[PDB]
Structure formats: structure tokens, C-alpha cells
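Single chain ahead, by itself, as C-alpha cells, in the form deposited in one PDB entry.
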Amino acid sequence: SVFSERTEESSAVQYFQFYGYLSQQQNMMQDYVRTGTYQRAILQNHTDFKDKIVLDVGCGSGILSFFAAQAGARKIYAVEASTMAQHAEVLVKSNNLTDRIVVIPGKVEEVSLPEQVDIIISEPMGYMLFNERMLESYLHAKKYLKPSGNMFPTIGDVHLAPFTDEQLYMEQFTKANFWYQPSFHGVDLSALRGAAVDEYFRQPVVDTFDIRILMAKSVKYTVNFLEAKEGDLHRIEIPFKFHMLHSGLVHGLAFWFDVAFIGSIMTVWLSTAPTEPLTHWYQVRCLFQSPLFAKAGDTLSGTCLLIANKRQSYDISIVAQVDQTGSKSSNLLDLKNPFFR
């Protein structure tokens, strides 16, 4: 199947075991911004659901399917590959919605649906939008979408911006500096200092921060889920040109994302921006091993290259240069292994 061909079994085992825990489903459900904004997107656009056929990709507890049922959907196919599928069925029955929500256990790349659907709903967003590679499952599911059918969410915007944060940089460098020791219990570790810096700086930093650390207006990269093919997400090239608003050290790039539910009645946005209330996605920062100095008015140009890997994540390459000085940084990050700060 498309899923198995792009995924190491070890990764998939761990992945679906994770989502098989009620505590993890609870953790997502209790993100009120997320869950509440999905409910608002679906109910405020009830006409996009009324008497329609719906596909919920990765239904987990079933919560989004219940929202579709509230909005008047005729039939909702709720596809879920983890053992959580059986718990969703328990809820469908206990909520007397067996006539409207049909749980389909399995991977959306592998199951058979009885009919085409009018609209697909999902919450496939990971850290930095793309982690977990579930957007590919979401896009894959369009094989079941009627022509002119809709996608909720409809588009995704990734935002990137340069930041200054000496404390974070030193925090990571300090951890790496353990391997600088020439006599740890009598052992010279220093030959590994380079490998250690590489490893620590390969970790994207997941937390939030004060917006005043951003040194330029963000650059936007948009994925249109109505138009995109899953293949489009195997190699994501994001060029950027920042006009520096402040002088200082650029320690790296900060990432966040918005998704929009573009319904018939209104467009509803779910944002993970640092200007907005915190979600369980927080924000993500990719550190440079060495910061770049820029003055206000300079331009910081480069590319963020995301290569999907078989562990359901991405290999991140960031290259950035201050155009006026040729000061350049290149970095490699492993999105699967973030530092939760």
C-alpha cells in the first residue's frame, strides 16, 4: 500500500500504538483552541455538512465525526488505523449515532469505502505542520472525494521567521559542551565534541516564545489541500527572503502554521502563531550551529528544504545567508526527534 511503501514498520508500530492511548486522545481533545476551533469551523459551516457524505481521516476518539453529525451530515465514514477505532465505536453507540457515523478500522490508504464523499475532514497537522506525514494520508484520501468536493482544513500556511535567542543557543551549546571535556573521570571526550554539537543542534526546539525575539516579518508557504497531491509533500522546498527589521544575531528560524477551513458560510482559521493562544503544537525553532549577524535593512535569503523520510517525519535542511555580507549558515535537522523545552 502507499502507506506501507513510505513507512518503516517500526515507526508505524510506535506511531499507531501512541494514538491507541486514551490519554493521548484526551491530551488532544483538551487542547481547547484546537477542538473548539474545529467545532466552530464545522458548525458555522453547517451547510457544507447538511445531508452530505463525509470522510473523517484518522478519527481517533471520533470527536470530529461527532461535530459533522451535529452539523447534519447524512453519513460519516470515520477511518482510524489504531486500536482507538474500537473506542470510537463505543462512543458512536453510546451517543446513539449509529445511523450517521460509521467507523472503518484501518489505514485510509488501505480501506474500502462504499461511496464517494462530499467533504473530507481531518486533523493531520504535526509539529511544524508536516511532522508525522499524515497530511499525505489526508491528501491520499481525495481518491474518495467527489469532484468539487471540499476539504476541512482547506489550506495550510507555514510561517517562518528569523529569531534571536542567545539563552536557547547557549542552553543547547552547554549540553553539547559535555563532550568537550578532556578528562571526564580520566577520559578525554573531546574527539566527539563535533558529533555532539551536530546531534544537539539537529533537534528542533518545541516551545513558545515572546514575539519580540522575531527579527523580521514572517514568510508564508501555502499548501492548498484541494489542489495538492500527496507526492507534493515528499520534497518541500521553501525559499525565503527576509527584510531584517532589527539588528542583531540571528540564532535561527522559527516556524509555525495556520490552517483555514474555507466553508460556504465563513472561513475559519486555526493558528499556532506566537501571537495567538497556545496550542499543543506550540511553535518550533531550528537553531543555527553558529548565529548570523545582520543589521536592520539587510536581507536574509535562503531555503528551507524538507525531505520526507520513512520514519514518518522530515529531514530538514536550512541554508541562510545575509545577502549584504555573504555570511552563510547551513544546518540539518531531524524533525522526528525534537527537544520539548
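By rigid core we mean the largest C-alpha set that fits within 1.5 Å across both forms. The first residue of the sequence shown is number 1, and the count goes up from there.
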Review point. Taking only the CA atoms, which stretch has the higher mean B-factor in the record, 314-322 or 21-29?
Key: 314-322
Practice item. Please work out which of 197-205 and 84-92 has the higher mean CA B-factor as recorded in the PDB entry. Key: 197-205
Review point. Looking at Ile213, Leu253, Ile104, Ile120, which has the highest Cα B-factor in the entry?
Key: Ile213
Exercise for review: Kindly indicate the residue among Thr174, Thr98, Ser137, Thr154 with the greatest C-alpha B-factor in the PDB record.
Suggested key: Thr174
Exercise for review: Could you tell me which third, lowest, middle or highest, the C-alpha B-factor of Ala71 occupies within its chain?
Suggested key: middle
Revision key, fill the gap. Binned into thirds over the chain's modelled residues, the C-alpha B-factor of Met244 lands in the highest
Check your understanding: For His159, does the deposited CA B-factor place it in the lowest, middle or highest third of the chain?
Key -> middle
Review point. According to the PDB entry, is the CA B factor of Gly60 in the bottom, middle or top third of its chain, that is, lowest, middle or highest?
Key: lowest
Practice item. Within this chain's modelled residues, let me know which third the CA B factor of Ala273 belongs to: lowest, middle or highest. Key: middle
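This next part talks about the form deposited in another entry, which is not shown.
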**Study point:** Listed options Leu226, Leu192, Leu145, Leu113; Cα moving by 2 angstroms or more between the shown form and the other one (core superposition)
**Key:** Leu192
Review point. Superposing on the rigid core, is the CA of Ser183 displaced by 2 Å or more between the shown form and the other one?
Key: yes
